[PDB]
Amino acid sequence: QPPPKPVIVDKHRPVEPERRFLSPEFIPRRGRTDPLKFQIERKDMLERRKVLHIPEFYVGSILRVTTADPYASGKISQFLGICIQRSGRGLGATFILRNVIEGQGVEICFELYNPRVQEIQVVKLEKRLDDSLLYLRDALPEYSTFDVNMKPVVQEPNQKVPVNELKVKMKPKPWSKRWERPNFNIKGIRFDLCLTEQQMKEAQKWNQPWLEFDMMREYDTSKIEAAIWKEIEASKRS
Amino acid sequence: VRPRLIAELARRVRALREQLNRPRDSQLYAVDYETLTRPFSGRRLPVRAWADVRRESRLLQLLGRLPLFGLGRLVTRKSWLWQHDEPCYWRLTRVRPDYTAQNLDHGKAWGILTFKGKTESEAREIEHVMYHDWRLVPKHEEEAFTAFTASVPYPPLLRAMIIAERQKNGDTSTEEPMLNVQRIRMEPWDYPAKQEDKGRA
Amino acid sequence: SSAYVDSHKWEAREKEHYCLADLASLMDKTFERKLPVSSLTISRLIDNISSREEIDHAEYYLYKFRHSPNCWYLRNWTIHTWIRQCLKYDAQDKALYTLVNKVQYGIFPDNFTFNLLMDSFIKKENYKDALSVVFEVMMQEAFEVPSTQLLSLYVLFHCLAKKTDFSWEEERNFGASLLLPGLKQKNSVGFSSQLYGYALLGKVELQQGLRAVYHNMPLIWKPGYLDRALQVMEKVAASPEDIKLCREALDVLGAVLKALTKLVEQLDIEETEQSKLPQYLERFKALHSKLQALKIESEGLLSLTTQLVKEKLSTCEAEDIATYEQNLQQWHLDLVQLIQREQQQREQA
Amino acid sequence: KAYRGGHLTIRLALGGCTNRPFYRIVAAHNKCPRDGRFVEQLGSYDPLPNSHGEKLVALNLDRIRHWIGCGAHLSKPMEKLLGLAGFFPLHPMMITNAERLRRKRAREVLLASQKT
Ligand SMILES: [Mg+2]
Ligand SMILES: [Zn+2]
């Protein structure tokens, strides 16, 4: 006897179409230079993309990566971790991964364009309220501890990014970065238990409201992103 | 006096865990026909049933080929009908298959039965359901198939003891002592039993 | 019989008009939490379906319901909702697949529903599908119905139009199927078809033993099928009318070819069939001679005699339709209580 | 020692040094060891012959009847020597062993006769 085939079809109309998304490492930095640099690096990373897929993701997503290592069992290295940040631009761009195993918190900075790495895989795709999850260091280990054998949570092909709106408990005050300040504007943590009302009142004194209203510091990216899309589509057609 | 709590805690936890995730009836009844060893046990089967397990199938595998698993349909105990020429069957009343089974070839079902045309008025539990000795009789050849129609001396020493006792008592009672045997309903081995009385892993 | 075939009351009676996607998502939730679910959900899904992929979803969810905590309910009205949804959208491959692996899906149509299905098969003029389906009905063991005449017509036509010399499975299927339609004790056609089925079963036994006779086929274990056929012939000669066909020649052929030159189920005292062949053949010749001495036209084609049956067929189809409307009425009666039952949960909530 | 379930059983306890067994019929539980503790000592048995050549054995009929009425199973040798005594029915395996011995002796006599 052959097994039946699973099939599922749920067709709410104004949910299915998600249109566009671009990676934050294509965009250049505010610094000045001649954009031919950018465009040649872009076509280079795209001629690499034709080989390697980089299944898109965000901070707070879980990635499993297999890489070709010279000195290891099977000459390969397989590592799963939570994405902390995607830092840098051009080819040297990288993404951080972290996980607690054997009670020890190990984290890597993977180059997403180095030929040493063989394949990347998105086990779970989600987004956190905070731009960067570096406070997961001082956070409890039970939040970062993830299973290595956990299989990919299959995600819909054309749907909106799921966002887990949650909060996180943390280790006591002796921290390294002073996350309580408003310089970072993070919300995953829970002041109500991580500190006192008087303490947050004393800390929110460094608040600089004027800068977020300032306008010469923010960088417009609309037409740059449009030209980047145009060049990507041209390279794909070619 | 000092009590102890972790023992009762582990007892309750083990009870809940086993009653939750006990091995499925189908999972533990499955058999590989070329090696004749039940999985989850690694035990071999009896030589008397080797061939029957190789050839014949199970009750639920028989009942899966007809609607409602054949309520009231003729199923007979192959062992009973090979051991006795008289007809014996099962008036199956209630049925429940195991959802985890792929072919729905395992479960629990029972009703009224009859041994050599001796029917009782009780819908009780079957015995030995998982065996490969199940034979289904069609709806035709039904009534033709289901058609069906003192004392002993005591031991010598015991009778001598009673003789001496009543002679000392004074009564003659020349009649040899006896007991009733028609009351004694010696039942054959094959008379069924209570499934619930026997346990389960 | 277009009036007997078509019935739009079914499709215009008690439609639910719910979202197939919502019903599918709810069923997926219930079955991933592996809790039991009523047949109302599946019925609403089925009678809401109007598409091919939707009927495929229904097939998958029917498999999943068979493998769900509840399997015995087996509501015939839901079965017929599914059957109509499939046959009106003309998925005969899917219908046949489900019907053959009933153990995989568990569909069990009743008399009138199956007669409608086989009449649609007639209208489309296919034989292999109808043959497999009548073998699966032989498996069903449900024949005391007005569809008995349809089964008889089908088998009487296909055993003649077969043109297949050697096939043990197929021949055993034919032999075991030719008994059930004739069990209504009608006439020469009936009991002579019973005779030919006895002959085929005895042949299958003598050529591949008694094991397959009963193993995956509901049959009786008495090996004397030839003796039973001889008994039938002798009691018929003793007793009405006996319209006969030349399948007695096929019986003679089988007998002569068997007379032509491990577990032992046979009993020691009782003789073996291999050793009974001689007296089987002698008594068979004797009964042949007795029958020809006593009806013996052997020209009336049996499949043509089923056209004479069409009159009482068209008479009994009326009672069949009446029973079908009674079934519809009692379905509509007992089903409405189940909807208030579903509302009772929200009332308590 | 409170044994779970179990049931009383009259059986044999062994005594005496090696190569000199002395059996004692005694009531006890099913789960106790061979020479374990008991409840009431009932009788004795010598599988060896005395100076007269006969073998010794004693039964406590009233107490045994009381224990059986209270409910206690017996072992195969128990019922065997009881049936040999006569207070109990004779043993079917005893009958079969006797018949097999007689068949073997008849076979041996036939073999000797056909040899000579
Ligand atoms: Mg530091
Ligand atoms: Zn001593």
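Calculation rules
- Residues numbered from 1 in each chain as written, not as in the entry; some residues may be left out.
- Chains lettered and ligands numbered in written order.
- Part of a larger assembly, values for the part shown.
- Heavy atoms only, no water.
- Helix = DSSP H or I, 4+ residues; strand = E, 2+ residues; numbered from the N terminus.
- Buried < 20%, exposed > 50% of the residue type's maximum accessible area, 1.4 Å probe, protein only.
- Areas by Shrake-Rupley, 256 points an atom, 1.4 Å probe, with all protein chains shown as cover.
- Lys, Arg positive; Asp, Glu negative; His and termini not counted.
- Charge placed at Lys NZ, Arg CZ, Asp CG, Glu CD.
- Axes fitted to C-alpha atoms, helices over the stretch in contact; angles between N-to-C directions.
- Parallel < 35°, antiparallel > 145°, perpendicular 65-115°, else oblique.
- Contact = heavy atoms within 4.5 Å.
- Nonpolar A, V, L, I, M, F, W, Y, C, P; charged D, E, K, R; others polar.
- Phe/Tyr/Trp six-rings, centres within 6.5 Å; stacked < 30°, edge-to-face > 60°.
- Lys NZ or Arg CZ within 6 Å of the ring centre and 35° of its normal.
- Patch = residues over 30% accessible without salt bridge, like charges linked within 9 Å, V, L, I, M, F, W, Y side chains within 5 Å.
- Salt bridge = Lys/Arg side-chain N within 4 Å of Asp/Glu carboxyl O.
- Polar contact = N/O pair within 3.5 Å; in protein donor to acceptor, adjacent residues only side chain to side chain.
- Left-handed = near helix turned anticlockwise from the far one by under 90°.
- Buried area = accessible area lost by both parts, 1.4 Å probe.
- UniProt positions renumbered as here; feature names shortened; annotations may be inferred.
- Pairing = 2+ DSSP bridges.
- Core = buried A, V, L, I, M, F, W, Y, C linked by side-chain atoms within 4.5 Å.

Caption draft 1: Focus on the overall build of chain C. On a plain count of helices and strands, chain C comes out with 18 helices and zero strands. Considering only C-alpha atoms, chain C reaches an extent of 80 × 50 × 35 Å along its principal axes. For chain C, with 349 residues in total, the buried portion stands at 48%. Accessible surface, chain C as shown: approximately 18,300 Å² in total, 59% of it carbon and sulfur. Seen as two clouds, the 41 positive and the 48 negative side-chain charges of chain C have centres 2 Å apart.

Caption draft 2: Focus on the packing of helix α5 (residues 76-88) of chain C against helix α8 (residues 111-124) of chain C. Residues and elements named next belong to chain C. Two elements in contact, α5 and α8, have axes separated by 11 Å at closest approach and are oriented at 10°. For the element pair α5 / α8, the angle class is roughly parallel. In this structure, α5 contributes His-80, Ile-83, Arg-84 and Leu-87 to the contact, and α8 contributes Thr-113, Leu-116, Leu-117 and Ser-120. For the contact of α5 with α8, the per-class residue count stands at four nonpolar, three polar and one charged.

Caption draft 3: Summary view of the packing of aromatic side chains. As enumerated under the stated definition, the model contains 20 aromatic pairs over all chains in all. Consider the rings of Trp-10 of chain C and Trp-331 of chain C, whose centres lie 5.9 Å apart with planes at 70°: the pair is edge-to-face. An identical accessibility class is assigned to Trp-10 of chain C and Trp-331 of chain C; each is buried. Their ring planes at 75° and their centres at 4.8 Å tell us that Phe-135 of chain C and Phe-174 of chain C sit as a pair that is edge-to-face. Here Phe-174 of chain C lies in helix α11 (residues 168-177) and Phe-135 of chain C lies in helix α9 (residues 128-140), a separation of 39 residues in the sequence. Of the two residues examined, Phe-135 of chain C and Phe-174 of chain C, each falls in the buried class. Taken together, the ring pairs in this structure connect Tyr-4, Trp-10, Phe-112, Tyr-324 and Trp-331 of chain C into an aromatic cluster. A cation over an aromatic ring shows up here: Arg-181 of chain A above the ring of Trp-206 of chain A, its NZ or CZ 3.3 Å from the ring centre.

Caption draft 4: Representation of a positive patch on the surface within the structure. Residue and element names in this part refer to chain B. A cluster of basic residues, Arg-22, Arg-94, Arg-96 and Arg-200, forms a positive patch at the surface. Checked against the element boundaries, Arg-94 lands in strand β4 (residues 89-97). Assessed through its relative accessible area of 47%, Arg-94 is described here as partly exposed.

Caption draft 5: The arrangement of the environment of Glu-144 of chain C in detail. Along the chain, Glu-144 of chain C falls in the loop between α9 and α10 (148-161). On the basis of relative accessibility, which here comes to 47%, the residue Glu-144 of chain C falls in the partly exposed class. Taking the C-alpha atoms as reference, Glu-144 of chain C lies 8.2 Å from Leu-183 of chain C; in sequence the two are 39 residues apart. Here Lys-139 of chain B takes part through its side chain, which lies 3.4 Å from a polar atom of the side chain of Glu-144 of chain C.

Caption draft 6: Spatial organisation of the packing of α9 of chain C against α11 of chain C. Residues and elements named next belong to chain C. Running from amino to carboxyl end, α9 crosses α11 at an angle of 60°, the nearest separation of the two axes being 10 Å. By the angle between their directions, the pair α9 and α11 is classed as oblique. You can see that α9 and α11 cross each other, and the crossing is left-handed. Along the contact surface, α9 presents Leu-131, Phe-135 and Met-138, while α11 presents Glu-170, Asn-173, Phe-174, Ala-176 and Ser-177.

Caption draft 7: Representation of the interface of chain B and chain C within the structure. In this complex, chain B contributes 25 residues to the contact, which on the side of chain C involves 28 residues. Roughly 2,500 Å² is buried in total at the junction of chain B and chain C, and carbon and sulfur atoms are behind 62% of that figure. Between the two partners, chain B and chain C, sit eight residue pairs in polar contact. Partitioned by chemical class, the residues of the side of chain B that touches chain C number 14 nonpolar, four polar and seven charged.

Caption draft 8: Broad picture of the interface of chain A and chain C. Contact residues are listed per partner, giving 11 residues for chain A and 12 residues for chain C. Of all residues in chain A, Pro-4, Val-7 and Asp-10 of chain A bury the most surface against chain C, accounting for 52% of the area lost on that side. At the boundary of chain A and chain C, one finds zero salt bridges. Joining chain A to chain C, the criterion identifies four residue pairs in polar contact.

Caption draft 9: The arrangement of the arrangement of the chains in detail. Where three pairs of chains are in contact, the pair with the most contacts is made of chains B and C. At the C-alpha level, the nearest point of chain A lies 10 Å from chain B, with no contact between them.

Caption draft 10: Representation of the pattern of salt bridges in the model. Residues and elements named next belong to chain C. Evaluated as defined, the whole model comprises 33 salt bridges over all chains. Between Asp-56 and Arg-52 there is a salt bridge; the shortest N-O distance is 4.0 Å. Here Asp-56 pairs with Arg-52, and both are found in helix α4 (residues 52-66), just four residues apart, close to one helical turn. Among the ionic pairs, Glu-136 bridges to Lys-102, the shortest N-O distance being 2.5 Å.

Caption draft 11: Summary view of the UniProt feature "repeat: PPR" in chain C. Residue and element names in this part refer to chain C. Mapped onto this structure's residue numbering, the UniProt feature "repeat: PPR" falls at residues 75-109 and 110-145. Split by type, residues 75-109 is 74% helix and 0% strand. Its first and last C-alpha atoms lie 10 Å apart. Span residues 110-145 is 75% helix and 0% strand, its end C-alpha atoms 9 Å apart.

Caption draft 12: Quick peek at the sheet that holds strand β4 (residues 104-111) of chain A. All names here are of chain A. Within the open sheet, the five strands sit side by side as β4-β3-β2-β1-β5. Their pairing is antiparallel. Across the chains shown, the open sheet's two edge strands, defined by having one partner strand only, are β4 and β5 (117-124). Taking each pair of neighbouring strands and ignoring which way they run, the sheet shows an average axis angle of 35°. In this structure, strand β3 (residues 94-101) lies alongside β4, joined through eight bridges in antiparallel fashion. The residue bridging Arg-98 from the neighbouring strand is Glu-107, located in β4.

Caption draft 13: Representation of the pairing of strand β2 (residues 76-87) of chain A within the structure. Residue and element names in this part refer to chain A. Judged from the seven bridges that link them, strand β1 (residues 62-68) and β2 form a sheet pairing that is antiparallel. Residue pairing in the sheet places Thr-67 in a bridge with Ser-77 of β2. By the bridge criterion, four bridges tie β2 to β3 in an arrangement that is antiparallel. Within β3, the position partnered with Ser-87 by the bridge is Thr-94. Taken together, β2 and the strand that follows it, β3, pair antiparallel across an intervening segment of six residues, in which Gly-88 is found at a positive phi of about 95°.

Caption draft 14: Summary view of the nonpolar core. Membership of the largest hydrophobic core comes to 60 residues, with the highest contact counts inside it found for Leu-45, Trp-82, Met-118, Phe-121, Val-133 and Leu-219 of chain C. Here the element with the most residues in this core is α9 of chain C; it accounts for eight residues. Among the nonpolar cores identified, the runner-up in size contains 26 residues, and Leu-52, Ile-54, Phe-79 and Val-117 of chain A belong to it.

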